[PDB]
Structure formats: structure tokens, C-alpha cells
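Got a structure for you, questions after.
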Amino acid sequence: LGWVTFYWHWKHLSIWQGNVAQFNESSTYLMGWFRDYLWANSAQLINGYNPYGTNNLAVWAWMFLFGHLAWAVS
Amino acid sequence: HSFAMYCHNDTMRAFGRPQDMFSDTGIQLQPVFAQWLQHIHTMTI
Amino acid sequence: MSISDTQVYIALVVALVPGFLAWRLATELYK
Amino acid sequence: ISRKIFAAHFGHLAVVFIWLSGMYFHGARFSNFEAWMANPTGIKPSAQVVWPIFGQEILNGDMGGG
Amino acid sequence: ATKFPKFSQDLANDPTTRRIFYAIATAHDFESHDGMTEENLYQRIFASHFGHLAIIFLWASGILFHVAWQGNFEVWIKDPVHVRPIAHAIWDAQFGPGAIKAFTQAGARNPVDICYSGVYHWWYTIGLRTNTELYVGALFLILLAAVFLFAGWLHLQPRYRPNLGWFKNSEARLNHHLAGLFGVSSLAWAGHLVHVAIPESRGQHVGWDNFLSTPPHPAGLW
Amino acid sequence: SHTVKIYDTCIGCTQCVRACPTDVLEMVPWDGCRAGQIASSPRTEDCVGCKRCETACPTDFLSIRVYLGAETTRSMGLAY
Amino acid sequence: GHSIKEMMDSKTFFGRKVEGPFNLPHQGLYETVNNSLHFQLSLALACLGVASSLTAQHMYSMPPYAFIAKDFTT
Amino acid sequence: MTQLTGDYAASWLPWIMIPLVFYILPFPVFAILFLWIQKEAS
Amino acid sequence: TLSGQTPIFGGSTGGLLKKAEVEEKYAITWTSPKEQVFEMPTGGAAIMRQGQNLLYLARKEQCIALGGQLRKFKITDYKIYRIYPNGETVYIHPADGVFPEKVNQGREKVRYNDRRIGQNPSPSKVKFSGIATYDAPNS
Amino acid sequence: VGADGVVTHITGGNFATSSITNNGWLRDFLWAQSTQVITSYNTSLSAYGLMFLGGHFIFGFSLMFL
Amino acid sequence: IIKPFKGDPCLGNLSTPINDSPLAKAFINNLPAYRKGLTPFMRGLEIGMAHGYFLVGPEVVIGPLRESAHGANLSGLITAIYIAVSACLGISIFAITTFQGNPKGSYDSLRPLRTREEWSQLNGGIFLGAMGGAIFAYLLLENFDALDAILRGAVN
Amino acid sequence: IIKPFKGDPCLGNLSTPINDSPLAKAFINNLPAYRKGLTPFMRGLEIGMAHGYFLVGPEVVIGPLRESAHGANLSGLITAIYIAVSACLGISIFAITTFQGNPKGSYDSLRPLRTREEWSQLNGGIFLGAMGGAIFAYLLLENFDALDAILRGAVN
Amino acid sequence: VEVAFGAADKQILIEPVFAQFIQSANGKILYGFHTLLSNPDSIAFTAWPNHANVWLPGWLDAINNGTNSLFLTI
């Protein structure tokens, strides 16, 4: 379910953003799954609090990092 | 005192309290004994 | 048009009825 | 035991010398040490060229000086 | 030689800290408790389903109460595409001024949470239009969760505990769970959709004081 | 307070008794072996649970078991 | 009506001598399911983890709710 | 704004219920929940 | 009871704790024909005396790990006691005077099942009963 | 260094302000400095983009045995 | 030199210059937890007052209210109320729950409070101790501008 | 059901769901007046603090000084000083005068304080209890404008 | 490795032609299998003895509109 819901999300994040030819050309190899889905879409997430401010994703930028701590402590 | 001060800064930066965290702008923790050895090794040349 | 100030206090005393009945069940199940 | 220790250090020192003769041989035949010694700023240090098979000659990037 | 756990006496004489944790992850395994027969087994399955249904009905009454009180279901229902729902409000007393401002979103006058559950879209479809129908649906689910905590207390009293022949009545339970639990309650939901949710999707307001007079069809009941 | 049962597939090779670190097992006389012995566990209150008697039994699907049960202060090895 | 205890042990199919339902021996399965509270629990979680996948596979493709297709996060 | 306000009805009620159930009441609750965990039988 | 001189040990840290004063405490007692040095089960090394030795240990696995060490010093006469805090010294190893490896008579087949191990009953035979499946009085 | 004397560093004084939160290590170090190994396909740094992803395999593969 | 603990080589401690000095034995056995001839209320009253006094410290200069002056000393007192209520809660909870048949062992030093009437008297001391000290360090901090003057002769 | 009081039909009480419940018996017998294993000072210190805390209440908002703010909290504290001095006067006066040969009957529950050394210790508890509570609710009321801010995030 | 070594055209790309047949057997006319509710001259499209597919013209407007998640392009 980290392969089901990673593929539901990236197929739909390419339709909602209009870039349907992003999923259709770079999901056939594992770099585009890592470059165009994980690395690209986490840009607006980890900037939930930069040194210059704080927006409405400041709790999702914190829970995203609370969940790396809970995974690593496992 | 090293990792949970990175979780104090991580919570103050998310709260919008950049004056409450262990910064050079907030609560300063200066390396007093290691800034002094940088002063010794340039005054003995 | 949100609910009134009294309707919050009405909900707090109605939910003492499943708050006390939750205590009658949790002790009849013999903790 | 100690004769096995002493004789296994010699076979180890004969393994470092194989690797140390592979760093000097690759600087001898497969490097740009001539072009790097003339200009150690513009020319990038490189040894270990790659064979033309499987399309992996894309790893042979430009190191300055052809 | 402690009292906790009272269900297993091989763990109450534990001299270590294993007693606390192994009494948590064994407390619902009723089949391994000391001094339990099969008839007393099923009567605690049955009366803890009642205390579990009340958790579901108190949880669903915390969805409804917190969007009637702190949500914008009156505001969202007029432009349901260009405004975000509100889950509840924030009271974290250690916010800075940069997090009061950042979380004061969706046209609120206080910090709030944008509801990503989709219950606003569910109640717009089934015919809920005001913050009062959400409130009297939240007060009803509180009282509905009270008749299930009372029923669970009822079926542990010795005049009301069912016997093992009633729990092992598999053919009579399949008759009523298909016809009554799945059939009638799906017949009843088609009753809500025809009477309330379809006419309220067409403009007219059908409520409790209104549904017995106006029929849902001009060729109605015949 | 574990439970060390002993089954009749024993051969009396005394290997579980030499491997026990707490003296739970001991050899009693019997009739169904060439050694004439079988193990018995009279000091099962001293069973530390470590199943070292089980690694020493040479009979296939071994003739001695330790059933880890209600653990106590001397069945968990606590010197504090 | 039907007696489930009879449907397990029925070994007669219009004069033939089949071993049970689908020529397979299902005898003694009534008192296996009915006494086991874990057979009844495993069949009820398998039939609820299919209805929970079927919820997910259908509610994105055939949305039942008003303007939930145009709310990309919920 | 610079303060936690509430536009909703009874906005004084999170002002006391959030300190109550989160740092005022649980240490009483963890005391009562400790006095039956470590209670002896006779 | 028990008596003997303690070995030359310069104190340790892995020794007795508050359990040994309050619950139970063990004591091994051997005699040595030599002034030799042995390894302590509580970490370190001690010199045993030439008379009756006496060493207080905290649990029974420390005594028989020490008893298995003295048997390599050809000392096979050790007695292990168990000292309750009221002073009651029981004598537990070896119980009959004979070591449990070699067989003696009068001893009992205690905790013995008269079946193969593979023919223990199923756990659905013992459902809602007090016994476990390895107690099982049939065969 | 330019033709005046000021120095423009590679990330630019980034350690002083953002290396005190470990969201800053995640955003300003691991995310922002791996833009050269992520976008290293079709180029001469192509093997580093494969060893980056072949490395993540062996870590997750290690957790089968651990 | 380090000899075994009170002459017993079998006990699990050492008679080391830190625990068995002349100095550090006469300092530890004269702290109020170990001083001879004290009622358990006077033990707890002296233990508490040394703790309420410093616990208002780390919140009035590096707390969330340090930018102000009158509200800084409130948040440092409110801290030491909550640290010392929830600690004196935990030792009434301790004595209720450990004195039920095992009075720290009926059968011994470093814990000389083994009675449950010597612990319920202790809990009354640490409460009134750690809040006399929390107020004395509160009245010496909200009156600091008036105490800088009388310790510098500025009041003539 | 209502049975006779502890099995005695001749005693003048009933074993009713209010006095002989499982809940209301475990709540009353765990209040500090009835809790098992408490010294009488710690009984009175907990009884008093719950009483000094609320008794400053009804005079700072409906008293004669309610129109002001700094003088309102003084008249509420001065009330709870006088309520709790004259109540802790009345129980030193009680123990002097009832313990003279009849210690609440030498021959029994609901009044477990029958010694006169268990009552003189109680009177010291209710005095220091009901004036720690009267000051804690005084310091939380004269600092209310500074406590509205830290419970609303107004101090950043 | 093929995209990394320059030659993205040397990828092995299996077109999933069995689940592209499912959408073309339900009404998706994008691929062009032209059978069985993609072929309007078929027995399943018309339902020749009764012609009571009143659900069908509304369904094919949904599956062939490219703005919903109903049977996405595969």
C-alpha cells in the first residue's frame, strides 16, 4: 500500500496538474518515481517553515518529520 | 542536550517563534572554549 | 449562522448521560 | 599461530602492491596526467576510461583538452 | 501478588514490569482468561460490541458537533468549490504570531483546520443544509450512543444475559442480518433519499415537520 | 515456574543434565533404556527457561521440552 | 427454509452420490465454523477488507458526493 | 492576529478545556490509573 | 548450617544487591587443597583459601557456573545453600549428596509423560479447561 | 572569489541559519544538494545517479535480514 | 585505596573515596535526607525549600516570558508550582502504593524512610518547602529593582 | 436494592446506593478526610488547600470591592484569611474541649481522628492548607491579565 | 540503465493490452479494440431482444469524457 497509494497519487497528481505526459513517460523506470514524484512533490512540503517564514503547511511539515522519527525509532 | 535542542529549534521555527530557539539570533550558545582556541592559534604567529 | 452559546452548554449536559452510562458499563464488565 | 600471522602479512603486502601498481599504471596509460600537469586549473583529473560497449561510454565525459 | 490484572492470575504474581504491558495486550483475549466458560465467553463479546458501537456513535457525534460549532457548513454550502471546509478550531496555547496568522485560513476569524475527510460533501449530498440539522443530529447520536451503553449494561444483568443456544443460532442471525440489518436499513436509506435528499437537491426544504404532508411524487403512494 | 516435561523417547545419555545451568534435571532409574535412566525435573521452580537442555537432546524431535509459562523472580534471573 | 447443517452433509445430487457441495467433502464444517469464534472473525475481516478496498476503488472513479471530484485532497 | 481568539459560540470554553484535559487533569488521572495497577490483593 | 573463610577478593560491583538482603541469597561452600586463583561469577578474579571456603552469590546460576569452574580445578565437593533473610539455610545442591548426572535410587519420575512428544493432544481438546495440552492425563 | 574580494560560497552561509533544525538538514542539505544526483540522467554523471538508487536498494534489502 | 564495601567482599559496592570518604560521608549524611535526629516533616521542609528556590530560575530568564519583567517572574513561579505539585503528588502516590506489606523491605541504608507515617509526613514538608522557596525567590525577583538599590547603597 | 447497614437490622442506617455503592464508597474513602495511610497533617493540608482556593472566589466578583481590580482580590483574600483563621481557631477549641476523657468515645467510622494528637496535627494542616490555597488563588487573580495572555499565546 | 545511458528508446515497454481490453469492453473508445460496448453494432451494446439499456447512453458519456477518474487511460 506504499505502491498502490504511490501510484494512485502520482497518476492523479499528473492529471490534476495537467501534466499527463509526465507520468506516462517517467513511470517506466525507477528514477522518475524518485525524481518526479518523491523529490519533486516534497518541495512545497518541507518549506512549511523556512528560516524566513511559516505557512499553513507548517503542521504537515512537522508531522512529515515526526513520522521519520517514529519510523527510525522502530 | 544535543538532539532535543534540534527538536526545540524545530518546534520554535514551526510555531513562528524564531526568537525562542537556539540560534545566533535567538538564545545564543556560543562555543566559548573553541572560539578561544581559534584566538590562541592566530596570536601565536 | 453558527450555534448559540447555550447550545454548547446543552450538549455538555446531554453528553453526561453517555458519560455516566459508560461508567456503568465499564465497571459491570469488571475492570 | 604466529608463523601464520607473519606469512599472511606478506601475502597482504603483496595485495597492496598490486593495487598500488594499478594506480600508477592507470596514471601511466589511461590518464590525462600530461594535460593536467600543464594546466592544473582548467583540466580535470581523470584516469580509468570506459570501454565502448553497452552504451556506457556516456560516462566518458569531457575532462578538458579532448 | 497484585490485583491487576484481575483476569489472569499467572500474571498478577509477576514481579517485573512485564505485568503492566502483558495485561494490556491480553485484556481483550477473553478465551485465555482464568475461569471462563463458553457461555460467559460470548456474553462479554456481546456486551463489548455495545460499548464499541457507542464509540462509533460518539465519534460520529464529534464530527457533527465540531462542524456545527466550529465549522463553516453554512458558508461552504453556498460556494462548495472555491472555499475549503473547516474541521475544527485550534487551541494550541504555544503558537507564535506566525502560526496564528498562517492557520487563520478559509475565511475564519480564528485558527482552524481544513477538513480533508470529505464529510462536508457527504452531508451536502444527503440533504443537510444548516448548522442546526448538524447540531440536532449530533445530539441524537449522543443519545443513540447512550441506548447502546445502556443495552450493554442490560445484557450483563442475570435476567437479560442470553444463553449459549441464542449465540449459536446461526440461521436465525443470518435471516435478520440480511433482511433487517442489511435489507431494511437499505430500504430505509432509499426512504431518506426519496423523501429528503432528492427534494432538497431540487430546492424544496423537507424537514421533520414537512415530510408527512408533501409527498415525494405527484403520483405518490398509489 | 516453567514446565519441563520429559517423554519416553529418552535414551539416558545424561546430556540434558550436564547442560542445565541451574540443576533442574536429574537422572532417575528406569527400565526402557540401555542406561536404565530417564531424566526428571524436580526443581522446575529453578527453571530459568533457557532451553539449553533442549539443544543437547540427541533424540529426533527431542524427548524433553521447556514450556515457558508464568515467569517469576527466579525464573527470570534477576539479581536485583 | 434451509438448514446449514444439512447443506454441509448432503451427499445426494438428484440420485448421484457426490461427496458434498461441488463434489467436495464439506461435512463437519457447520460445527467447525459455529464453535470457532476465530473462523467467524477471519471470514468477517476478509469480507470487510474487500468492502474497504471496493470503497476505495469505486469512490474515486464513480464519486457519489457533490463536488468531491473537484476537492483533490479529500 | 497575535492571540488565540474564537469566533464560535462559547469561545471561553477551549480556554479552560485545553489546559484541563491535557496538562491539569492527566496527572491526577495517571495517579488514579497507577493506584489500581499497583494495588495489592490479600 | 554454613561456615568457612571467604576468598581473597578485593570487592566487586557485580555482587549482592538489595534482593539478597530482602528475598533470598545463595552460598557455595567448597574446600581447596591449594592457594589458587579462580574467576568470579560476579566479574574479576579471587584467590580461594586452603580451608573451607564460603562465597555468597545472588542467584543459583552464579553458583553452578562457579561449581562448573571448581570441577575443572578438580574440586568436586561443593555444597550450595539458599539463605532466606530470616536465617533459614536450606541445602539444595547436590540434594541427595550425589551429583544429578549419575543415577541414584529412591528418586522419582517427576514431570514425566508416558507418551511420545508428537502425540500430545490438540489445544481444542483442552478448550475452557484448567489443564494445558502438555498436562493431558490420557497417555 | 571575484575581482573585489568578497566570496560567494557554494550554498552561501546556509549552515549558520538553517543547520539548527533537522527540517533544515532535510530541506537545505539532503533535498537541495541532491539536485545534482537526481537530475544526473542522460549526462556524464549518470553512474552516480544509478549508484545513488542502487544504494537505496541495499539499505532496504538489509532490513530483510535485520 | 579502595577496599570492599563495609568489609564484605560479597556485597556489590566498593568503599571508594567518593562514597566512603571522611568528607563526602559527613556531607551526605548531613544533608536533610540523611541527617540524624530529624522528624520527616523537617526533612521535607528543608529538601523542598532548596528546590522551590532554584526552580523558578530557568524560566524567568530563558522562558517564554523573558522579554517582559512583571510577567517573567509569574511564569517562573507557575513552573515551580507545577513541578512541585506534580512531584509531591507522585510521592503521596508512591507511599500509598509501596507500603502494602513491603515497607522498602522489612529486613538497609541510603533509604531511611520506611514507615508510611515517615513518608506522609515527608510529603507535607516538600509541598510547603518547595512553595515557600518558590515564593521567596519570587518575592526576591519581582522586587529585584528594589533589591539592587539596597545592595548598592542607592537608598542612602 | 437497599439492605440493612453492614448486616445489622438494628442499626439506624441503610446500605443504600449512595453510602454503600462501589463508586461513592471509593470516592468518600479516598477523600483526604478518610484516605488510608495519611498522617493527620497531610489530611489537613489537602483539606485546607481545596478550601482556601475557592473561598477567595465569592468576594472578588460579587463583593464590595468588585468594581476595582487590584482591591477586589485583596477583599477576597482577606475574607478567606478570616474564614480560615476562625475555622482553624474553632478546631483547636474543639480538640481542647472534647478530648478530656471521652475521645469521641473510646469504644466507630466516619470520624477517624480520635486521639487529640491526631487533631492538633490536623489543625496545623488546615491552617497552612487554607492559606496556601488562599494565596495561590490570590496570585492567580491579581496576575489574571498576565495569565490570560499566556493561555492565549499572546506572549508569543 | 537505458534512460541513464542515454537510450530511452531501448526501454522494454509492455503495453498492458489485457486491461486496455477491459476499458474497450466497457465503452472506452480511445484505444480502438472496437468490440463489445465499443462496437455499437454488437449484441451487448444494443441488447437486441429487449433494448432496455437505459443506463448505457449516460454511462458512455461518463467513460468517454476525459475529465473524470472513471477508467483512466492505461
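Letters are used for the chains, namely A, B, C, D, E, F, G, H, I, J, K, L and M, taken in the order the chains are written, and counting of residues starts over at 1 for each.
One rule holds for everything that comes next: a residue touches a chain if its C-beta (ideal position, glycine included) is under 8 Å from a C-beta of that chain, and two chains touch if they have at least 3 such contacts.
Here the chain-to-chain distance from subunit G to subunit K, counted in touching steps, is 3.
Chain centres were defined as the mean of their Cα atoms; on that basis the chain farthest from subunit I turns out to be M. If you average the Cα atoms of subunit J and of subunit L, the two centres end up 65 Å apart. Mean C-alpha positions place subunit K and subunit L at a centre distance of 27 Å. If each chain is reduced to the centroid of its CA atoms, subunit I and subunit L end up 58 Å from each other.
Centre-to-centre separation of subunit B and subunit H, using mean CA positions: 35 Å.
Those residues of subunit J in touch with two or more other chains are numbered 17, 22-23, 41-42, 46-47, 49. Counting only residues that touch two or more partner chains, subunit G has 60. Each of the following residues of subunit K touches two or more other chains: 64, 96.
Contact residues on subunit B toward subunit A in their complex (touch as defined above): 10-11, 13-16, 18. By the touch criterion stated above, subunit M contacts subunit J in their complex at residues 1, 3-6, 8. Taken together, the subunit I residues at the contact with subunit E in this complex read 127-128.
Considering their complex, residues 37-39, 41-42, 45, 125, 128, 132, 135-136, 139, 143, 146-147, 149-150, 155-156 of subunit L touch subunit K. Taken together, the subunit I residues at the contact with subunit K in this complex read 6-7, 9-18, 21-22, 42, 46, 55-58, 85.
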